[PDB]
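# Observations on the model geometry
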Amino acid sequence: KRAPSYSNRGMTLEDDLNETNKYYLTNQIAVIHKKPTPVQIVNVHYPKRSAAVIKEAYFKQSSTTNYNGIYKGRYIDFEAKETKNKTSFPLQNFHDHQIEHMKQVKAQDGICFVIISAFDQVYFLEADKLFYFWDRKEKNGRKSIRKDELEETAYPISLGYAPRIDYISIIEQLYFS
Amino acid sequence: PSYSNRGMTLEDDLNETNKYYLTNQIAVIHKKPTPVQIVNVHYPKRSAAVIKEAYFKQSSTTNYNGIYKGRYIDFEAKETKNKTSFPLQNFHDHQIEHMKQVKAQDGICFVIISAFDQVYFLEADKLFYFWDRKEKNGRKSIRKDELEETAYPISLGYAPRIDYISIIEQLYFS
DNA sequence: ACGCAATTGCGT
DNA sequence: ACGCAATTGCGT
DNA sequence: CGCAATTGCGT
DNA sequence: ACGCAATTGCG
């Protein structure tokens, strides 16, 4: 975990949203965790007593959205994606299943959405809109959302110290009067 | 090899009950996968990139969850064979803390154990209790019969095997 | 898997 | 007709 | 992250 | 000294 580097604009990294979650944790505001990345652990070894060191394992494509949890007894689910492209946000770094799921997750009523970090700016795009840009892609046409319609389609978030990323104050400002 | 015991694992049995649930739009539940910290990933051009060394960590979050009917659902699934009693040695402190936070936030928070050839849907407060007594250097287990009213026997069926959705359907919101 | 170099192709 | 925004893809 | 072994409580 | 209960050890 000794990573001397290297800057993004910005994850950043688990530090950015992650710290926000811990904070939300220890102030009894919400329980939101990042579902961990699903490996298929083909081969493990057990050297020198404990502990184990998987010698061969492969990456699986997830099926669920990146983050989930509880706020005010409601379900929270969301993906977070960031881009350095100064012009637009690549819709292509979303993937099939994630969207299938956001769909199913909004099936029963949930707060399902997307946090986007691009244009030196963290944005909160509701899942609705995202679904528009998705089948805009899906019929045919633009595989990205240009800024002037990301800013036009999404709510900007305020990035401070402390909650670093304060998405709950939007989910509050919007789904809870 | 996916099941190296005498009694069925409860791994598949539950995460199949979940598939049914999903496919029929009854509700959305998914097991959080096991956390591992990757260390090295060799990446051939053809072969999919092989993670060649990696280590387990141990997540706090109680390892099932999702949505049902607009309300955040959560639980755990331990499973014990011994007909003796059921050992709290399975659940850890962090898990308990977590699902403490959860019910501290209007969460619905089962505990599912398939002990004694039966599937026990165990409400949270009751588990807390056992863990509490236990924390007072008391009974480090739940004896075979004391859960038997502390907990509900889930309705083990065929379409959805260890149907618990309707237990939670019954308590809340009716 | 991802950044990020390569490459496409829209736009005017 | 050519630039520079959108995409593809190849490389640790 | 388990089932085979260990030991201790307690008729 | 067993059922039954708790606790090392590495497959």
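Glancing now at the sheet that holds strand β9 (residues 112–113) of chain B. Reading across the sheet, the four strands line up as β6-β9-β10-β12 (chain B) and stay open at both edges, with mixed pairing between neighbours. At either end of the open sheet lies a strand with only one pairing partner, and these are β6 (77–78) and β12 (152–153) of chain B.

Taken together, a centroid distance of 6.3 Å and an interplanar angle of 45 degrees make the contact between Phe113(A) and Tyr167(A) tilted. Taken together, the positions of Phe113(A) in strand β7 (residues 111–117) and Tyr167(A) in the loop between β10 (155–156) and α5 (168–175) put the pair 54 residues apart, joining distant regions of the chain. Grouped by ring-pair contacts, the aromatic residues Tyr23(A), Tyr24(A), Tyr67(A), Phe78(A), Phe113(A), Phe124(A) and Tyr167(A) constitute a single cluster. The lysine or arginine in question, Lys137(A), covers the ring of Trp134(A), its NZ or CZ lying 4.4 Å from the ring centre. Taking the ring centre of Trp131(B) as reference, the NZ or CZ of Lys134(B) above it sits at 4.0 Å.

All names here are of chain B. By secondary structure assignment, the location of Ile108 is in strand β8 (residues 108–109). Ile108 sits 34 residues away from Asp74 along the chain, and the two C-alpha atoms are 6.1 Å apart. Ignoring any residue separated from it by four or fewer positions in sequence, one finds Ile108 in contact with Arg71, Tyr72, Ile73, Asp74 and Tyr172.

All names here are of chain A. One can find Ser62 in the loop between β3 (56–59) and β4 (67–71). A sequence separation of 104 residues divides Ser62 from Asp166, and the C-alpha atoms of the two residues are 26 Å apart. Those residues in contact with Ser62, other than ones at most four positions away along the chain, are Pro38 and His97.

Reading the values: the criteria
Residues numbered from 1 in each chain as written, not as in the entry; some residues may be left out. Chains lettered and ligands numbered in written order. Heavy atoms only, no water. Residues with missing side-chain atoms left out of burial classes, pairs and counts. Pairing = 2+ DSSP bridges. Helix = DSSP H or I, 4+ residues; strand = E, 2+ residues; numbered from the N terminus. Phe/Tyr/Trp six-rings, centres within 6.5 Å; stacked < 30°, edge-to-face > 60°. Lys NZ or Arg CZ within 6 Å of the ring centre and 35° of its normal. Contact = heavy atoms within 4.5 Å.

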